[PDB]
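Commentary on secondary and tertiary structure
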Number of protein chains: 2
Amino acid sequence: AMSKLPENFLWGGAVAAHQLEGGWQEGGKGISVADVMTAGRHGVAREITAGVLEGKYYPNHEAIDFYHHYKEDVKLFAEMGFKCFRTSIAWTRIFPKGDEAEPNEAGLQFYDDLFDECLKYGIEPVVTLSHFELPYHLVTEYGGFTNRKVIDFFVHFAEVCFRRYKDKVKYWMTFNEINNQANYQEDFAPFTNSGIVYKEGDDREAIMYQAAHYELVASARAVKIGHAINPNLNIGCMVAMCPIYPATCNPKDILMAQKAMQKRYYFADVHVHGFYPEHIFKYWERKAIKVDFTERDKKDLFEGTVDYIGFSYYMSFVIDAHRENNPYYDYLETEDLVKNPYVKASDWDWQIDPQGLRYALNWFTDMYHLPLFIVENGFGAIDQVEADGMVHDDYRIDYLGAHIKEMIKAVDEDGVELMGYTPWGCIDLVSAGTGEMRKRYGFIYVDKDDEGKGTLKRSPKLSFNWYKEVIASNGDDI
Amino acid sequence: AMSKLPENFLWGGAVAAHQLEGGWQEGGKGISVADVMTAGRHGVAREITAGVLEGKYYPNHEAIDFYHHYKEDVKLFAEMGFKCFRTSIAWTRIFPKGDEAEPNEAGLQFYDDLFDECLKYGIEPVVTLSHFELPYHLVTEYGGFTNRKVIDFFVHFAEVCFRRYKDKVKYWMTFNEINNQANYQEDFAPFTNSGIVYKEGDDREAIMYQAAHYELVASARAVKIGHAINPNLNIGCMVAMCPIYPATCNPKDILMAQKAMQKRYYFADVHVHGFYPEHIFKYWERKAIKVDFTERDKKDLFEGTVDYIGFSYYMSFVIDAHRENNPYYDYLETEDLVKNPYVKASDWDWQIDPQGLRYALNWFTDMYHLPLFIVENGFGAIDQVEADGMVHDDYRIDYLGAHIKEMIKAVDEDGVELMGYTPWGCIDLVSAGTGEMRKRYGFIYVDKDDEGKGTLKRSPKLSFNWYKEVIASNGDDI
Ligand SMILES: O=P(O)(O)OC[C@H]1O[C@@H](O)[C@H](O)[C@@H](O)[C@@H]1O
Ligand SMILES: O=P(O)(O)OC[C@H]1O[C@@H](O)[C@H](O)[C@@H](O)[C@@H]1O
């Protein structure tokens, strides 16, 4: 009499240090790229400023003060019955500037305290090494991951973490959503993935590919080093999975979708297979893109392939071939996509396609034959607190439950290997794309708004007990 | 000044023994499954009879008498400048019944003669071991490839061929279009792939999966013995690649297409990766399909993976989720497919989709990262001989040229590894599905009709000199 998922399935929740910790200067922590991004809103991009300026609002400085509240917050995770908790180690807490000879003890101690607290309640940490929060010093001084020197800085950081937590953290990922930067047209991904600040005349695409290359090399070096430190460590990649569907069976739409997926997921090919697909080299040739790519890089990549694929899933896309002057079937994320008329969308226009998660799980399995870990899934929405003092987020329950149903079908009917599932922003935190508190994801409401006002009190939403019962039934009761 | 295709590109043409040789009783040849299939036409199935019956017309018995005319025909291939020539070794010429302890010398000598003739002109043989022509005795005595005993019979046959031709044939494939039988609803594929004759009450699908399993094991064992005889032999699989497009971006259509591709191409996963995808095991478990599948089989499959993927391409398909009562997203090739509203079609209703060949080349490359060989592509059409004594088959030139253009883009722009290209039915022969002469594919016209009359004289069509120029220009001039 067993359920459809394995008994040890890793139910949990996921966050990122810069989005919830606050304490942005505590323990000698350095300024991160998140610390120079102002608040925005749907339709209004966050301002990336040259340092911390007066007259600007930086929501990540204080966030929800998890740095101080974590013991109480972790109690809440335990009440829901989390089996794991995904977060990031703030690079700037360990290497404030990035190029220090020795790591920061106060930073390392904080994660000792945090991971110890999780383990007290039987909650396994899942750690992302780089999650959109590299030291700003690496940006101004070195040019971020456009600089081969930054590879060694990351590997140093990774090695320190692997060694410190080798007996406390079983699950690791190197670069959060490493493929986001493929959208090089907008500033968000390049600045966050990679510490790239563009100037007039820059070939944004060529520079993106160079930084992505250095990150893939850094990831591979880190994987090898982590396994040397402890061969039992599970070390994965992390890609944002937004399946791109052809609009119709017109062969042109079909090829557009195939070629768009190729360009957005070559990162996974490198992480998994250890070499670049040939279509990337051909593309670079047509665009006259030159990438500093050495024989040592080739060896590192081949020897540092990942144990599993971590991924985020929120939505799917649709592409067609309506665009003129596209003889090479290039993909422009900002131009070739169209709306899917068969699905609904969030208030931030993120398409709701739970069946796409089943598609995604099958796609990764068929392509790569590795274990998968859904390390983000969530529904960002405006919450209202009712007269009973609780947010009745039936909309969030509906979204999450629909996705859980599809992932269960992938395991039970399709045979995919799925390690676990960690809803994003399980406690309300500062959003990434827009920097809002109002775009809420949590099972736990936090009393703080986009003007920085509120008590910061935590309270369960309707979805809190719902998810508690999901975990307790191992997914049988949704 | 190099061409877009590599210099060593294997331009050629492809046929199958039973479709052109005739001489069906010569040299002690046994009755094959082809020898018990009567002629049909479009919309009229060939009759599969119990032995050779009086009053029935069997077009494969004489075909175009290539058994006697091969020296003159090979000379025409040489005039077109073929780099290679693909055909099959008739299983029934080597093992007339299938279960003989020793091979037939007259059969082996014929292929020595044929391959020698090719090599006199620098034409490299490409050999398919099983191409819809297994010994009919294996059907009646053992139940064809539904019987584990037939594995050893095939491997014996393969070993004999590898040894005899180890220094004459560089390129081999095991089972022609092994995946056709994914369509188990009609009699054709199960009979021709596997020697399956169904009776009332049979679980057609379960029986197919069993025969497919024994063939995949046989293929793996054949690869192993071939490489043991001569490790330089290139031994590939052969799948029919009909890409299955979703009709629309409806997530249900998307999932139907993904699952249909899984069911139609798991054969390739086994040939390439050396293990069955888990979605097959889950499907069998759900459907209560039991397969005789041993640990020795598992080891053989893992050890006997192929060097390259040979495939045929003629058309693409479209699927949708219209069929009711299909909650598990099963694939029925005869019910779930729909017409592509964006394409034209041949007079036998075969959809014309040259871009789908580019999709196909990318799909195999992304999934398997092996060299590919397009070993069939062609346009079957009615030909008229004009007053100048020549068929002006501009329609055939148009189809082949359109496909060549797409394959060149796959190599030049997408970086696929493509070994060569061999148009199907390069000399007019007896068709497979309908057993017609009138459904012509050739660069070379053969004067024989569907009543079996005519001189059997060979004459070039307009496409003959066209293809001669394609090869001479290595595809620069189409
Ligand atoms: O916060 P958003 O903009 O709504 O996006 C949700 C999350 O999904 C991913 O993009 C990131 O890994 C997270 O950092 C981000 O918060
Ligand atoms: O002869 P048909 O029915 O038109 O199909 C063309 C060819 O395509 C493939 O299905 C077979 O491998 C060949 O044997 C066959 O002849």
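Residues numbered from 1 in each chain as written, not as in the entry; some residues may be left out. Chains lettered and ligands numbered in written order. Heavy atoms only, no water.

Looking up chain A in the PDB entry gives the name Putative phospho-beta-glucosidase, with the organism given as Streptococcus mutans. What the PDB entry is called, per its title line, is "The crystal structure of 6-phospho-beta-glucosidase from Streptococcus mutans UA159 in complex with beta-D-glucose-6-phosphate". Taken from UniProt, the Sequence similarities (unreviewed entry) comment for chain A reads in full: "Belongs to the glycosyl hydrolase 1 family." (UniProt positions renumbered as here; feature names shortened; annotations may be inferred.)

Okay, the site of ligand 2 next. Residue and element names in this part refer to chain B. Inspection of the region around ligand 2 gives 14 residues, with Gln19, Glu177, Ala432, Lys439 and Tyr441 positioned closest. Within the side chain of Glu376, one N or O atom sits 2.8 Å away from an oxygen atom of ligand 2. At 3.2 Å, a side-chain N or O of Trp424 approaches an oxygen atom of ligand 2. Its free accessible area being 380 Å², ligand 2 has 93% of it covered by the protein chains. (Near = heavy atom within 4 Å. Polar contact = N/O pair within 3.5 Å; in protein donor to acceptor, adjacent residues only side chain to side chain. Areas by Shrake-Rupley, 256 points an atom, 1.4 Å probe, with all protein chains shown as cover.)

This part takes up unusual backbone geometry. Despite not being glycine, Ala63 of chain A has its phi angle at roughly 45°, a positive value. With respect to the helices, strands and loops of the structure, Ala63 of chain A is situated in the loop between α1 (17-20) and α2 (66-80). Residues other than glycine seldom take positive phi values, yet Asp349 of chain B does so here, at roughly 70°. Note on placement: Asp349 of chain B falls in the loop between β10 (344-345) and β11 (351-352). (Helix = DSSP H or I, 4+ residues; strand = E, 2+ residues; numbered from the N terminus.)

Before going further, it helps to examine the relation of the copies chain A and chain B. Between the two copies of the chain lies a rotation about an axis combined with a shift along it. By a simple turn and slide, chain A fits onto chain B: the slide is 0.0 Å along the axis, the RMSD is 0.3 Å, and the turn is 180°. What the rotation and shift describe, once combined, is the action of a two-fold rotation axis. Judged by C-alpha distance, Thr248 of chain A is the residue of chain A that lies nearest the rotation axis, at 2.0 Å. Both copies share a contact surface, since 98% of the interface residues of chain A are interface residues in chain B too. (Least-squares fit on C-alpha atoms. Contact = heavy atoms within 4.5 Å.)

Right, let's get into the sheet that holds strand β12 (residues 372-376) of chain A. Residues and elements named next belong to chain A. Read around the closed barrel, eight strands run β1-β2-β3-β4-β5-β7-β12-β13, paired in parallel fashion. In this sheet, adjacent strand axes meet at a mean angle of 30° when their direction is disregarded. As paired elements, strand β1 (residues 10-14) and strand β2 (residues 84-88) share three bridges and run parallel to each other. Bridge pairing in β2 places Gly13 opposite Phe85. Sheet contacts for helix α8 (residues 204-229): β4 (171-175) and β5 (234-240); angle to β4, the most-contacted strand, approximately 155°. Relative to strand β7 (residues 309-312), helix α12 (residues 354-368) is tilted by about 155°, and along the sheet it contacts β5, β7, β12 and β13 (418-421). (Pairing = 2+ DSSP bridges. Axes fitted to C-alpha atoms, helices over the stretch in contact; angles between N-to-C directions.)

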